[PDB]
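Pasted below: target13.pdb, PDB, C-alpha atoms.
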```
ATOM      1  CA  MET A   1      18.447  -8.410   9.798  1.00  0.00           C
ATOM      2  CA  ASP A   2      14.885  -7.094   9.625  1.00  0.00           C
ATOM      3  CA  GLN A   3      15.633  -3.368   9.776  1.00  0.00           C
ATOM      4  CA  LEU A   4      12.109  -2.807   8.547  1.00  0.00           C
ATOM      5  CA  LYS A   5      11.022  -3.856  12.056  1.00  0.00           C
ATOM      6  CA  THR A   6      11.960  -0.353  13.217  1.00  0.00           C
ATOM      7  CA  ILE A   7       9.769   1.040  10.452  1.00  0.00           C
ATOM      8  CA  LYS A   8       6.995  -1.398  11.364  1.00  0.00           C
ATOM      9  CA  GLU A   9       7.243  -0.037  14.910  1.00  0.00           C
ATOM     10  CA  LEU A  10       7.009   3.538  13.616  1.00  0.00           C
ATOM     11  CA  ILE A  11       3.962   2.683  11.500  1.00  0.00           C
ATOM     12  CA  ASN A  12       2.226   1.219  14.567  1.00  0.00           C
ATOM     13  CA  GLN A  13       3.102   4.263  16.673  1.00  0.00           C
ATOM     14  CA  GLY A  14       1.701   6.615  14.056  1.00  0.00           C
ATOM     15  CA  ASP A  15       5.145   7.830  13.080  1.00  0.00           C
ATOM     16  CA  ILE A  16       4.411   7.026   9.440  1.00  0.00           C
ATOM     17  CA  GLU A  17       6.461   9.968   8.136  1.00  0.00           C
ATOM     18  CA  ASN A  18       9.683   8.603   9.633  1.00  0.00           C
ATOM     19  CA  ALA A  19       8.617   5.127   8.593  1.00  0.00           C
ATOM     20  CA  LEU A  20       8.061   6.214   4.989  1.00  0.00           C
ATOM     21  CA  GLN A  21      11.336   8.112   5.127  1.00  0.00           C
ATOM     22  CA  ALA A  22      13.283   5.013   6.141  1.00  0.00           C
ATOM     23  CA  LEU A  23      11.310   2.987   3.603  1.00  0.00           C
ATOM     24  CA  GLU A  24      12.383   5.388   0.845  1.00  0.00           C
ATOM     25  CA  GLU A  25      15.964   4.722   1.931  1.00  0.00           C
ATOM     26  CA  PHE A  26      15.396   0.968   2.138  1.00  0.00           C
ATOM     27  CA  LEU A  27      14.116   0.921  -1.453  1.00  0.00           C
ATOM     28  CA  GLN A  28      17.529   2.105  -2.602  1.00  0.00           C
ATOM     29  CA  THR A  29      19.500  -0.491  -0.629  1.00  0.00           C
ATOM     30  CA  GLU A  30      17.380  -3.572  -1.341  1.00  0.00           C
ATOM     31  CA  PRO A  31      17.025  -5.118  -4.813  1.00  0.00           C
ATOM     32  CA  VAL A  32      14.353  -7.597  -3.722  1.00  0.00           C
ATOM     33  CA  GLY A  33      13.201  -6.764  -0.190  1.00  0.00           C
ATOM     34  CA  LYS A  34      11.319  -3.769  -1.551  1.00  0.00           C
ATOM     35  CA  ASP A  35       8.217  -5.952  -1.850  1.00  0.00           C
ATOM     36  CA  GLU A  36       7.960  -6.033   1.936  1.00  0.00           C
ATOM     37  CA  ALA A  37       8.896  -2.355   1.997  1.00  0.00           C
ATOM     38  CA  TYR A  38       6.156  -1.296  -0.442  1.00  0.00           C
ATOM     39  CA  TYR A  39       3.725  -3.389   1.600  1.00  0.00           C
ATOM     40  CA  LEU A  40       4.708  -1.415   4.699  1.00  0.00           C
ATOM     41  CA  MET A  41       4.568   1.867   2.779  1.00  0.00           C
ATOM     42  CA  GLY A  42       1.075   1.140   1.525  1.00  0.00           C
ATOM     43  CA  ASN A  43       0.086  -0.038   4.994  1.00  0.00           C
ATOM     44  CA  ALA A  44       1.364   3.245   6.417  1.00  0.00           C
ATOM     45  CA  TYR A  45      -0.699   5.248   3.918  1.00  0.00           C
ATOM     46  CA  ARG A  46      -3.671   2.987   4.654  1.00  0.00           C
ATOM     47  CA  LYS A  47      -3.258   3.995   8.309  1.00  0.00           C
ATOM     48  CA  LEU A  48      -3.169   7.676   7.325  1.00  0.00           C
ATOM     49  CA  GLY A  49      -6.283   7.382   5.211  1.00  0.00           C
ATOM     50  CA  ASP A  50      -4.770   8.070   1.812  1.00  0.00           C
ATOM     51  CA  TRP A  51      -6.045   5.111  -0.149  1.00  0.00           C
ATOM     52  CA  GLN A  52      -4.558   6.141  -3.495  1.00  0.00           C
ATOM     53  CA  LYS A  53      -0.998   6.212  -2.155  1.00  0.00           C
ATOM     54  CA  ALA A  54      -1.740   2.911  -0.429  1.00  0.00           C
ATOM     55  CA  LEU A  55      -2.988   1.352  -3.669  1.00  0.00           C
ATOM     56  CA  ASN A  56       0.052   2.536  -5.613  1.00  0.00           C
ATOM     57  CA  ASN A  57       2.464   1.188  -3.007  1.00  0.00           C
ATOM     58  CA  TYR A  58       0.574  -2.103  -2.690  1.00  0.00           C
ATOM     59  CA  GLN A  59       0.572  -2.298  -6.490  1.00  0.00           C
ATOM     60  CA  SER A  60       4.330  -1.731  -6.537  1.00  0.00           C
ATOM     61  CA  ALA A  61       4.739  -4.667  -4.145  1.00  0.00           C
ATOM     62  CA  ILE A  62       2.423  -6.800  -6.288  1.00  0.00           C
ATOM     63  CA  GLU A  63       4.450  -5.878  -9.366  1.00  0.00           C
ATOM     64  CA  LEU A  64       7.610  -7.127  -7.659  1.00  0.00           C
ATOM     65  CA  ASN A  65       6.090 -10.181  -6.011  1.00  0.00           C
ATOM     66  CA  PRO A  66       2.544 -11.295  -6.910  1.00  0.00           C
ATOM     67  CA  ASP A  67       3.064 -13.695  -4.008  1.00  0.00           C
ATOM     68  CA  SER A  68       3.169 -10.842  -1.504  1.00  0.00           C
ATOM     69  CA  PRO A  69       0.296 -10.096   0.948  1.00  0.00           C
ATOM     70  CA  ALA A  70      -0.021  -6.753  -0.849  1.00  0.00           C
ATOM     71  CA  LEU A  71      -2.563  -8.320  -3.198  1.00  0.00           C
ATOM     72  CA  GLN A  72      -5.034  -8.983  -0.411  1.00  0.00           C
ATOM     73  CA  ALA A  73      -4.065  -5.674   1.168  1.00  0.00           C
ATOM     74  CA  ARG A  74      -4.781  -3.709  -2.015  1.00  0.00           C
ATOM     75  CA  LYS A  75      -8.086  -5.536  -2.389  1.00  0.00           C
ATOM     76  CA  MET A  76      -8.761  -4.665   1.250  1.00  0.00           C
ATOM     77  CA  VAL A  77      -8.380  -0.971   0.433  1.00  0.00           C
ATOM     78  CA  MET A  78     -10.343  -1.467  -2.803  1.00  0.00           C
ATOM     79  CA  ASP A  79     -13.262  -2.857  -0.804  1.00  0.00           C
ATOM     80  CA  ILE A  80     -13.228   0.209   1.433  1.00  0.00           C
ATOM     81  CA  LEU A  81     -12.981   2.517  -1.588  1.00  0.00           C
ATOM     82  CA  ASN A  82     -15.817   0.614  -3.258  1.00  0.00           C
ATOM     83  CA  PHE A  83     -17.822   1.459  -0.141  1.00  0.00           C
ATOM     84  CA  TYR A  84     -16.925   5.155  -0.461  1.00  0.00           C
ATOM     85  CA  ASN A  85     -17.084   6.195  -4.119  1.00  0.00           C
ATOM     86  CA  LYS A  86     -16.222   5.059  -7.637  1.00  0.00           C
ATOM     87  CA  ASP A  87     -15.631   8.541  -9.089  1.00  0.00           C
ATOM     88  CA  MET A  88     -11.880   7.962  -9.182  1.00  0.00           C
ATOM     89  CA  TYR A  89     -12.204   4.181  -9.102  1.00  0.00           C
ATOM     90  CA  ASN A  90     -13.669   3.913 -12.601  1.00  0.00           C
ATOM     91  CA  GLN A  91     -10.570   5.767 -13.773  1.00  0.00           C
ATOM     92  CA  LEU A  92      -8.137   3.356 -12.135  1.00  0.00           C
ATOM     93  CA  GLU A  93      -9.884   0.162 -13.150  1.00  0.00           C
ATOM     94  CA  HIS A  94     -13.056   0.034 -15.231  1.00  0.00           C
ATOM     95  CA  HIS A  95     -13.586  -3.456 -13.829  1.00  0.00           C
ATOM     96  CA  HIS A  96     -15.935  -4.606 -11.050  1.00  0.00           C
ATOM     97  CA  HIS A  97     -18.110  -1.674 -12.129  1.00  0.00           C
ATOM     98  CA  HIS A  98     -21.521  -3.232 -11.569  1.00  0.00           C
ATOM     99  CA  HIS A  99     -24.841  -1.433 -11.207  1.00  0.00           C
TER     100      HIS A  99
END
```
The structure given in the file should be rewritten as structure tokens.
Amino acid sequence: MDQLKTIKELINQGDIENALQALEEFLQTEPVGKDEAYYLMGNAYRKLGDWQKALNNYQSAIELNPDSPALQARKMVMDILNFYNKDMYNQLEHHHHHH
């Protein structure tokens, strides 16, 4: 069943640490369902405020399934980062760098 639901509940509550913990476990027991897991992981980090960890986890989901919502989610975070600063952004991707 959707055991991730419990994690999704934790993420909503703010219990991201336990969520991430269970997600780490889930990664090791799911060959394919990790794409939803990484999405949740990145979403958890995106709730914390760590955009870099969010990007990496969203990216990991994208790398598994380019059909996942993690694409739009990573772009969501990218938009917010683009609003903040490009100091580290130009290092990640030298693209969309317009002046």
- [ ] Using the chain letters and numbers from the file, give me the residues hit by the PyMOL selection byres ((chain A and resi 13-27) around 9), as JSON, numbers by chain.
- [x] {"A": [3, 4, 6, 7, 8, 9, 10, 11, 12, 28, 29, 30, 31, 32, 33, 34, 37, 38, 40, 41, 44, 45, 47, 48]}
Open item on the list: Please compute the CA of residue 59 (chain A)-CA of residue 82 (chain A) distance, one decimal, in Å.
Closed with: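 If I compute the distance from CA of residue 59 (chain A) to CA of residue 82 (chain A), I get 17.0 Å.
With CA of residue 91 (chain A) on one side and CA of residue 53 (chain A) on the other, the separation reads 15.1 Å.
Computed from the coordinates, the CA of residue 73 (chain A) to CA of residue 39 (chain A) distance equals 8.1 Å.
The shell of residues at most 12 Å from residue 49 (chain A), with all atoms listed in the file counted and near chain neighbours (fewer than 6 positions) removed, consists of residues 14, 16, 42, 43, 55, 77, 80 and 81 of chain A.
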Task: Pick from A:86, A:74, A:5, A:95 nearest to residue 62 (chain A), counting all atoms listed in the file - done: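 For residue 62 (chain A), the nearest of the given residues is A:74.
Of the listed residues (A:79, A:92, A:69, A:2), A:92 comes nearest to residue 56 (chain A); the distances count all atoms listed in the file.
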Open item on the list: Restricting the calculation to all atoms listed in the file: of A:58, A:99, A:90, A:84, which residue gets closest to residue 46 (chain A)?
Closed with: A:58
Open item on the list: I'd like to know which of A:1, A:87, A:35, A:93 is closest to residue 64 (chain A), using all atoms listed in the file.
Closed with: A:35
Open item on the list: With distances taken over only C-alpha atoms, which residue among A:52, A:60, A:68, A:85 lies nearest residue 97 (chain A)?
Closed with: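 Smallest separation from residue 97 (chain A) among the options: A:85.
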Size and centre in Å, one decimal, axis-aligned box, all listed region 71-87 of chain A atoms plus 5 Å per side, as JSON:
```
{"center_x": -10.2, "center_y": -0.2, "center_z": -3.8, "size_x": 25.3, "size_y": 27.5, "size_z": 20.5}
```
With the input short on atoms, add N, CA, C and O atoms back to region 10-28 of chain A and write it as a PDB file, keeping the file's coordinate frame.
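Wrote it out as out33.pdb, contents follow:
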```
ATOM      1  N   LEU A  10       7.390   2.151  13.879  1.00  0.00           N
ATOM      2  CA  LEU A  10       7.009   3.538  13.616  1.00  0.00           C
ATOM      3  C   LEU A  10       5.590   3.614  13.063  1.00  0.00           C
ATOM      4  O   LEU A  10       4.786   4.433  13.505  1.00  0.00           O
ATOM      5  N   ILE A  11       5.287   2.740  12.110  1.00  0.00           N
ATOM      6  CA  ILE A  11       3.962   2.683  11.500  1.00  0.00           C
ATOM      7  C   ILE A  11       2.879   2.412  12.550  1.00  0.00           C
ATOM      8  O   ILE A  11       1.805   3.011  12.515  1.00  0.00           O
ATOM      9  N   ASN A  12       3.174   1.530  13.498  1.00  0.00           N
ATOM     10  CA  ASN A  12       2.226   1.219  14.567  1.00  0.00           C
ATOM     11  C   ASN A  12       2.045   2.408  15.503  1.00  0.00           C
ATOM     12  O   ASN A  12       0.935   2.691  15.953  1.00  0.00           O
ATOM     13  N   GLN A  13       3.135   3.111  15.778  1.00  0.00           N
ATOM     14  CA  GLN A  13       3.102   4.263  16.673  1.00  0.00           C
ATOM     15  C   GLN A  13       2.329   5.426  16.061  1.00  0.00           C
ATOM     16  O   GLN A  13       1.753   6.241  16.780  1.00  0.00           O
ATOM     17  N   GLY A  14       2.306   5.486  14.739  1.00  0.00           N
ATOM     18  CA  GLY A  14       1.701   6.615  14.056  1.00  0.00           C
ATOM     19  C   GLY A  14       2.758   7.523  13.468  1.00  0.00           C
ATOM     20  O   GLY A  14       2.459   8.582  12.914  1.00  0.00           O
ATOM     21  N   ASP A  15       3.999   7.076  13.564  1.00  0.00           N
ATOM     22  CA  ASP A  15       5.145   7.830  13.080  1.00  0.00           C
ATOM     23  C   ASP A  15       5.431   7.448  11.628  1.00  0.00           C
ATOM     24  O   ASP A  15       6.569   7.164  11.246  1.00  0.00           O
ATOM     25  N   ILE A  16       4.368   7.453  10.833  1.00  0.00           N
ATOM     26  CA  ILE A  16       4.411   7.026   9.440  1.00  0.00           C
ATOM     27  C   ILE A  16       5.421   7.828   8.620  1.00  0.00           C
ATOM     28  O   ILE A  16       6.083   7.275   7.747  1.00  0.00           O
ATOM     29  N   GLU A  17       5.556   9.117   8.906  1.00  0.00           N
ATOM     30  CA  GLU A  17       6.461   9.968   8.136  1.00  0.00           C
ATOM     31  C   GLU A  17       7.907   9.486   8.234  1.00  0.00           C
ATOM     32  O   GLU A  17       8.617   9.426   7.230  1.00  0.00           O
ATOM     33  N   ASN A  18       8.337   9.130   9.437  1.00  0.00           N
ATOM     34  CA  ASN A  18       9.683   8.603   9.633  1.00  0.00           C
ATOM     35  C   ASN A  18       9.786   7.202   9.059  1.00  0.00           C
ATOM     36  O   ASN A  18      10.825   6.806   8.532  1.00  0.00           O
ATOM     37  N   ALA A  19       8.693   6.461   9.163  1.00  0.00           N
ATOM     38  CA  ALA A  19       8.617   5.127   8.593  1.00  0.00           C
ATOM     39  C   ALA A  19       8.797   5.187   7.081  1.00  0.00           C
ATOM     40  O   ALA A  19       9.659   4.513   6.522  1.00  0.00           O
ATOM     41  N   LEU A  20       7.988   6.019   6.431  1.00  0.00           N
ATOM     42  CA  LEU A  20       8.061   6.214   4.989  1.00  0.00           C
ATOM     43  C   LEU A  20       9.448   6.680   4.581  1.00  0.00           C
ATOM     44  O   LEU A  20       9.987   6.241   3.570  1.00  0.00           O
ATOM     45  N   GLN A  21      10.014   7.571   5.382  1.00  0.00           N
ATOM     46  CA  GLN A  21      11.336   8.112   5.127  1.00  0.00           C
ATOM     47  C   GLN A  21      12.371   6.993   5.060  1.00  0.00           C
ATOM     48  O   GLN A  21      13.144   6.899   4.105  1.00  0.00           O
ATOM     49  N   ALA A  22      12.361   6.136   6.072  1.00  0.00           N
ATOM     50  CA  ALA A  22      13.283   5.013   6.141  1.00  0.00           C
ATOM     51  C   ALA A  22      12.994   4.001   5.039  1.00  0.00           C
ATOM     52  O   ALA A  22      13.903   3.358   4.517  1.00  0.00           O
ATOM     53  N   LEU A  23      11.722   3.871   4.685  1.00  0.00           N
ATOM     54  CA  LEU A  23      11.310   2.987   3.603  1.00  0.00           C
ATOM     55  C   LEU A  23      11.874   3.469   2.269  1.00  0.00           C
ATOM     56  O   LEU A  23      12.381   2.673   1.482  1.00  0.00           O
ATOM     57  N   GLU A  24      11.801   4.778   2.037  1.00  0.00           N
ATOM     58  CA  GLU A  24      12.383   5.388   0.845  1.00  0.00           C
ATOM     59  C   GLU A  24      13.863   5.036   0.733  1.00  0.00           C
ATOM     60  O   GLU A  24      14.366   4.740  -0.354  1.00  0.00           O
ATOM     61  N   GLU A  25      14.546   5.066   1.870  1.00  0.00           N
ATOM     62  CA  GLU A  25      15.964   4.722   1.931  1.00  0.00           C
ATOM     63  C   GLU A  25      16.162   3.237   1.646  1.00  0.00           C
ATOM     64  O   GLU A  25      17.039   2.848   0.871  1.00  0.00           O
ATOM     65  N   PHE A  26      15.322   2.420   2.269  1.00  0.00           N
ATOM     66  CA  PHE A  26      15.396   0.968   2.138  1.00  0.00           C
ATOM     67  C   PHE A  26      15.223   0.531   0.685  1.00  0.00           C
ATOM     68  O   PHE A  26      15.868  -0.415   0.233  1.00  0.00           O
ATOM     69  N   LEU A  27      14.363   1.233  -0.047  1.00  0.00           N
ATOM     70  CA  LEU A  27      14.116   0.921  -1.453  1.00  0.00           C
ATOM     71  C   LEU A  27      15.412   0.969  -2.258  1.00  0.00           C
ATOM     72  O   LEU A  27      15.606   0.206  -3.201  1.00  0.00           O
ATOM     73  N   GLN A  28      16.309   1.850  -1.853  1.00  0.00           N
ATOM     74  CA  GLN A  28      17.529   2.105  -2.602  1.00  0.00           C
ATOM     75  C   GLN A  28      18.655   1.152  -2.201  1.00  0.00           C
ATOM     76  O   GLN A  28      19.693   1.102  -2.861  1.00  0.00           O
TER      77      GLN A  28
END
```
